[PDB]
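Trainee:
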Amino acid sequence: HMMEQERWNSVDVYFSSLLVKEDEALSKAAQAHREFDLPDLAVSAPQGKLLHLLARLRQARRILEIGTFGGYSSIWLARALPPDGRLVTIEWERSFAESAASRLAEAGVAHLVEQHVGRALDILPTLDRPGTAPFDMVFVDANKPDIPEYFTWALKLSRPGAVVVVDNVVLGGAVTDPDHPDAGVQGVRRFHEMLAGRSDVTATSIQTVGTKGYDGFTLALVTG
Amino acid sequence: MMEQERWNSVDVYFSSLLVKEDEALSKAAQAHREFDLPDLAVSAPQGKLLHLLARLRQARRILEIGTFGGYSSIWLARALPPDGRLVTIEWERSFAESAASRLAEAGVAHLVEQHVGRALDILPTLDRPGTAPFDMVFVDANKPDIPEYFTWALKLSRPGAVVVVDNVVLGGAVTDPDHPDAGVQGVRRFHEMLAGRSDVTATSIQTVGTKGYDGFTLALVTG
Ligand SMILES: C[S@@+](CC[C@H](N)C(=O)[O-])C[C@H]1O[C@@H](n2cnc3c(N)ncnc32)[C@H](O)[C@@H]1O
Ligand SMILES: C[S@@+](CC[C@H](N)C(=O)[O-])C[C@H]1O[C@@H](n2cnc3c(N)ncnc32)[C@H](O)[C@@H]1O
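One line per chain: the protein sequences are G and Y, in this order. Sequential numbering of the first sequence, starting at 5, is according to our numbering. Sequential numbering of the second sequence, starting at 1272, is according to our numbering.
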């Protein structure tokens, strides 16, 4: 009889089989973790499709991504863009970014993507310039301790109406513990506290299960 | 900590910081107690998500199938611009009247056109000269008719419209081709219809929280 993760997988595989197609570029990007002996860090296919649909619903022309990894989420985001759009994506590990570059070329979207290699908090201030900012959508999916600062930068680099999605905000439930010693937990808590404390952005957080296990995301709308 | 206890606690935590309920919403959330029914309404995080999706789309015209007590209705109507409209459908007159009171309390009754009756009877009448197409459709009524609610959503909406269907996981029963339940088979047929056409594109997300394990489908009409 199926174990719990097997049940979540079976439902995800079922929905995915009918709703989400992966071509060569996506199916290859989804295996980036195997090249680097890492756990699967990419959004699932249904999650990447959701990011794609959110960008298209927003009619996003400029998208900022913090955390390229192997380019899986990047392909979904770039494929939401119009021909004059741009995805700016940031990755700390050069080898990952180089792998992503190969996937984005295979995907036919290299002309839409501006990749940066380095620490996101070093790169983000360099993006506050005409032709790059303002972004219509920001996807935050890198290290968790810096989420508050990434959110601050998302606000500085975007505009009223912009959508900000922050991945992996559940941390196994540890986010409810004010005394938890992990900096990532405290960063996610600080971020939610920042959202509570201002009225020019409005948000919700959704817990999910599926092939990635139990986690969740935050969706914020900048209102001004 | 038990799994469901954790899911509840995390939802309580996120909602405490991100989702406000005023009198109208807090009252609407208790509608099931008056109705002597289980809590069928979207949770606060889920209602907020519906609200944000509508605003992200800049929806001016929204269609809702399944008013119940008006909890989801308030969230959708509050996403509208001043000249927007929410059209919502409910078969049970007593539920619709309760929702009407909530929508007045919420300050959005003037933006809402409520219909009482069987949804498949009402939906054809909405294809009317002088009515703009819908920008968003929320499908949250009975499960067996979801396929026909979906094709009505396509008929009554424009390219770019967002369609959200609630409660599509059914405890995982949807993976079973032999399941006897008409609602399970309706959700399955709806997903098969999405697979079989190219003028709409979608994803389905499994969620957990205060209401347990379930999920929703989000579709973008492309033409
Ligand atoms: C969860 S993975 C991103 C997965 C990708 N968004 C997807 O869904 O396909 C997180 C990534 O952030 C990168 N990263 C971690 N800390 C970083 C930092 N300070 N600046 C930039 N990238 C960082 C990691 O190297 C890793 O590739
Ligand atoms: C899940 S509840 C809706 C909850 C509401 N959308 C919310 O989140 O606050 C389902 C509703 O659909 C109504 N309903 C069921 N079958 C229907 C039908 N054939 N036509 C119209 N309404 C129907 C039920 O009476 C009930 O109020």
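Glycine residues also receive a C-beta, built at the ideal position from the N, C-alpha and C atoms.
Can a CB atom of chain Y be found closer than 8 Å to the CB of G/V179?
Mentor: The sequence position of residue 179 of chain G within the first sequence is 175, counting from 1. It does: the Cβ of G/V179 has a partner Cβ on chain Y nearer than 8 Å.
Trainee: Is Y/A1424 a contact residue of ligand 2, with contact defined as CB to any heavy atom under 7 Å?
Mentor: Counting from one through the second sequence, the residue named residue 1424 of chain Y turns up at place 153. Not under cutoff, so the answer is no.
Trainee: With a 10 Å radius around its C-beta and 16 neighbouring C-beta atoms as the bar for buried, classify Y/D1406 as buried or exposed.
Mentor: As a first step, residue 1406 of chain Y must be located in the second sequence, where it is residue number 135. By the neighbour-count rule (16 or more Cβ atoms within 10 Å), Y/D1406 is buried.
Trainee: Is the closest heavy atom of ligand 1 to the C-beta of G/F73 under 7 Å?
Mentor: Here residue 73 of chain G is taken as the residue at index 69 of the first sequence, counted from 1. Yes, Cβ of G/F73 sits closer than 7 Å to a heavy atom of ligand 1.
Trainee: Under 8 Å between C-beta atoms, does G/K53 make it to chain Y?
Mentor: Numbered from 1 along the first sequence, position 49 holds the residue referred to as residue 53 of chain G. It does: the Cβ of G/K53 has a partner Cβ on chain Y nearer than 8 Å.
Trainee: Using a beta-carbon distance cut-off of less than 9 Å, what residues from the stretch 1279-1291 of chain Y approach chain G?
Mentor: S1280, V1281, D1282, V1283, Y1284, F1285, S1286, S1287, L1288, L1289, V1290
Trainee: Taking a cut of 8 Å between CB atoms, which residues from the stretch 1448-1464 of chain Y lie near chain G?
Mentor: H1462, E1463
Trainee: With 16 as the cutoff for other CB atoms within 10 Å, does Y/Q1275 come out buried or exposed?
Mentor: Taking the first residue of the second sequence as position 1, residue 1275 of chain Y is located at position 4. Counting Cβ neighbours within 10 Å, Y/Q1275 comes out exposed, since fewer than 16 surround it.
Trainee: Between the stretch 74-85 of chain G and the stretch 105-124 of chain G, do three or more beta carbon pairs fall short of 8 Å?
Mentor: Verdict: yes, contact present.
Trainee: In the DSSP assignment, what residue or residues form a beta bridge with G/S209?
Mentor: Position 205 of the first sequence, counted from the first residue, corresponds to residue 209 of chain G. Paired residues: G/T222.
Trainee: Does the distance between the C-beta of G/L223 and the nearest non-hydrogen atom of ligand 2 fall short of 7 Å?
Mentor: The residue given as residue 223 of chain G occupies position 219 in the first sequence. Flag unset: Cβ of G/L223 not near ligand 2.
Trainee: Quick check on Y/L1351 - is its C-beta less than 8 Å from some C-beta in chain G?
Mentor: Along the second sequence, one-based indexing puts residue 1351 of chain Y at 80. No, Y/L1351 lies away from the interface with chain G (no Cβ there is under 8 Å from its Cβ).
Trainee: Whole angstroms are fine: how far does the CA of G/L68 sit from the CA of G/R90?
Mentor: Translated into positions along the first sequence, residue 90 of chain G becomes position 86. Translated into positions along the first sequence, residue 68 of chain G becomes position 64. Spanning the two alpha carbons is a distance of roughly 9 Å.
Trainee: List, in order along the chain, the chain G residues whose C-beta lies closer than 8 Å to that of Y/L1296?
Mentor: Start at 1 with the first residue of the second sequence, and residue 1296 of chain Y comes out as number 25. Those within 8 Å of Y/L1296 in chain G number zero; the least Cβ separation is about 14 Å.
Trainee: Please go through the same chain and pick out, in chain order, the residues whose beta-carbon is closer than 6 Å to the beta-carbon of Y/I1360, but skip the five residues on each side of it.
Mentor: As a first step, residue 1360 of chain Y must be located in the second sequence, where it is residue number 89. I1336, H1386, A1390, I1393, listed in sequence order.
Trainee: Check each residue of the stretch 1477-1494 of chain Y: if its Cβ is closer than 9 Å to any Cβ of chain G, include it; give the result in chain order.
Mentor: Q1477, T1478, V1479, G1480, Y1484, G1486, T1488, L1489, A1490, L1491, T1493
Trainee: Whole angstroms are fine: how far does the CA of Y/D1452 sit from the CA of G/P164?
Mentor: Within the first sequence, numbered from 1, the residue matching residue 164 of chain G stands at position 160. Within the second sequence, numbered from 1, the residue matching residue 1452 of chain Y stands at position 181. Computed Cα separation, rounded: 46 Å.
Trainee: Can you grab the Cα-Cα spacing for the pair Y/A1330 / G/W80, in whole Å?
Mentor: In the second sequence, residue 1330 of chain Y corresponds to position 59, counting from 1. In the first sequence, residue 80 of chain G corresponds to position 76, counting from 1. If I take the Cα positions, the gap works out to 24 Å.
Trainee: Can you find a C-beta in chain G that's less than 8 Å from the C-beta of Y/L1327?
Mentor: Within the second sequence, residue 1327 of chain Y is the residue found at index 56, counting from 1. Yes, its Cβ sits closer than 8 Å to a Cβ of chain G.
Trainee: Please give the ranges of any alpha helix (DSSP H) in the stretch 121-191 of chain G, keeping only runs that are unbroken, at least 4 residues long and fully inside the region.
Mentor: 124-127, 151-160
Trainee: Under 8 Å, Cβ to Cβ, is there at least one residue of chain Y near G/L57?
Mentor: Along the first sequence, one-based indexing puts residue 57 of chain G at 53. Answer yes: the Cβ-Cβ gap between G/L57 and chain Y drops below 8 Å somewhere.
Trainee: For the putative contact between Y/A1490 and Y/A1473, defined by C-beta atoms under 8 Å, what is the C-beta separation to the nearest angstrom?
Mentor: On the second sequence, position 219 is the one that residue 1490 of chain Y refers to. On the second sequence, position 202 is the one that residue 1473 of chain Y refers to. Between Y/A1473 and Y/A1490 the Cβ distance is about 4 Å, and since that is below 8 Å, they are a contact.
Trainee: In whole angstroms, give me the CA-to-CA distance for G/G177 and Y/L1397.
Mentor: Counted from its first residue, the first sequence places residue 177 of chain G at position 173. Counted from its first residue, the second sequence places residue 1397 of chain Y at position 126. Between G/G177 and Y/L1397, the C-alpha separation is close to 45 Å.
Trainee: Answer with buried or exposed for G/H196, where buried requires no fewer than 16 other C-beta atoms within 10 angstroms of its C-beta.
Mentor: Position 192 of the first sequence, counted from the start, is the residue given in the question as residue 196 of chain G. The residue is buried, with at least 16 neighbouring Cβ atoms inside 10 Å.
Trainee: Whose Cβ in chain Y lies nearer than 7 Å to the Cβ of G/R133?
Mentor: Against the first sequence, residue 133 of chain G aligns to sequence position 129. Chain order gives no chain Y residues near G/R133, where near means a beta carbon separation below 7 Å; the closest approach is about 26 Å.
Trainee: Which residues in the same chain as Y/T1493 place their Cβ atom closer than 7 Å to its Cβ, once the five residues preceding and following it in sequence are excluded?
Mentor: Counted from its first residue, the second sequence places residue 1493 of chain Y at position 222. Excluding sequence neighbours, Y/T1493 sits near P1430, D1470, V1471, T1472.
Trainee: For chain Y, is any of its Cβ atoms less than 8 Å away from the one on G/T136?
Mentor: For this step, residue 136 of chain G is matched to residue 132 along the first sequence. Not closer than 8 Å to any Cβ of chain Y, the Cβ of G/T136 fails to qualify, so no.
Trainee: Would a check of beta-carbon distances place G/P50 closer than 8 Å to chain Y?
Mentor: Your numbering for residue 50 of chain G matches position 46 in the first sequence. Yes, its Cβ sits closer than 8 Å to a Cβ of chain Y.
Trainee: Determine the DSSP secondary structure at G/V47, reduced to helix, strand or coil.
Mentor: For this step, residue 47 of chain G is matched to residue 43 along the first sequence. Coil.
Trainee: Can you say whether G/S31 is buried or exposed, counting buried as having 16 or more other CB atoms within 10 angstroms of its CB?
Mentor: Numbered from its first residue, the first sequence carries residue 31 of chain G at position 27. It is exposed - the Cβ of G/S31 has fewer than 16 other Cβ atoms within 10 Å.
Trainee: Between the alpha carbons of G/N172 and G/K216, how many angstroms are there, rounded?
Mentor: The residue labelled residue 172 of chain G in the question sits at position 168 within the first sequence. The residue labelled residue 216 of chain G in the question sits at position 212 within the first sequence. The alpha-carbon atoms of G/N172 and G/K216 are separated by roughly 10 Å.
Trainee: Does the beta-carbon of G/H5 have 16 or more other beta-carbons within 10 angstroms, so that it is buried, or is it exposed?
Mentor: What you label residue 5 of chain G is simply residue 1 of the first sequence in a count that begins at 1. Exposed, since its Cβ has fewer than 16 Cβ neighbours within 10 Å.
Trainee: Give me the chain G residues within the contact set of Y/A1473, using Cβ-Cβ distance strictly less than 7 Å, ordered along the chain.
Mentor: Within the second sequence, numbered from 1, the residue matching residue 1473 of chain Y stands at position 202. Those within 7 Å of Y/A1473 in chain G are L23.
Trainee: Going by DSSP, which residues form a beta bridge with G/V117?
Mentor: Position 113 of the first sequence holds residue 117 of chain G. DSSP lists G/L91 as partners of G/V117.
Trainee: Can G/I94 be considered in contact with ligand 1, in the sense that its beta carbon sits closer than 7 Å to one or more heavy atoms?
Mentor: What you label residue 94 of chain G is simply residue 90 of the first sequence in a count that begins at 1. Yes, the Cβ of G/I94 comes within 7 Å of a heavy atom of ligand 1.
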